[PDB]
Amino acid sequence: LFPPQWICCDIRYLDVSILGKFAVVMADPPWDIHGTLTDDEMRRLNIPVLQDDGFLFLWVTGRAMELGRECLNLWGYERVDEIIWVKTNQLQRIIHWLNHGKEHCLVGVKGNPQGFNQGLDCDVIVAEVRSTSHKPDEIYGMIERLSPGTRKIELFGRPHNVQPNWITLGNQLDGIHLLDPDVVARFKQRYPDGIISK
């Protein structure tokens, strides 16, 4: 359970109902702005089955600032916070109309979360830019203090995103790695030959 887990897959086609319920969902989707997902594919993602009561963290940029709000609401969440990551170099200096010094992560709530530690962190992240599309690792610590020890799931993660207490999904992960017996059981029932199609 607690150590990192992941599933290489096309998130459009995986039956995510086999994964159970999560205290926190995070996604850094490949929005079709300017290997992406159309606005309809994003709308149709089966986010609603992933949680009963908890929080969604949704990275947005450009016109996904609006489209991401649409998906969040369609999936059944109310946006209740918005984190910004101020992007710096290793010397703590900031990296169409204006130059962009930040990226935004919408925070949605679904249901009645109980026992979360709201208010420990603030809504600004200052952290160094690494590779492209690589979000800061500080978010995992903020999320862990918010909801310690609970099950969490990340969508469109890459290998460097895998973390304890998290299940990471994405098409650039290496195979499958599952340790939670509840999840292993339901995965074998649903995918007895280990193949994910349609």
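Residue numbers here begin at 1 and follow the sequence given.
Notably, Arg63 is never a gap: all other compared entries of this protein, restricted to those modelling both its neighbours, have coordinates for it, so the one-third criterion is not met. Among other deposited entries of this protein with both flanking residues present, at least a third omit coordinates for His34. Count the deposited residues lacking coordinates between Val124 and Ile125 and you get none at all. Higher mean CA temperature factor, per the PDB entry, when comparing 70-78 with 124-132: 124-132.
In this entry, 187-195 has the higher mean Cα B-factor, the comparison being between 3-11 and 187-195. In this entry, the residue among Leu45, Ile33, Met26, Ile143 with the greatest C-alpha B factor is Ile33.
Placement of the Cα temperature factor of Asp52 within the chain: highest third of the modelled residues, per the deposited record. Annotation for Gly111: CA B-factor lies in the middle third of the chain's modelled residues. Compared with the other modelled residues of the chain, the Cα B-factor recorded for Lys87 ranks in the middle third.
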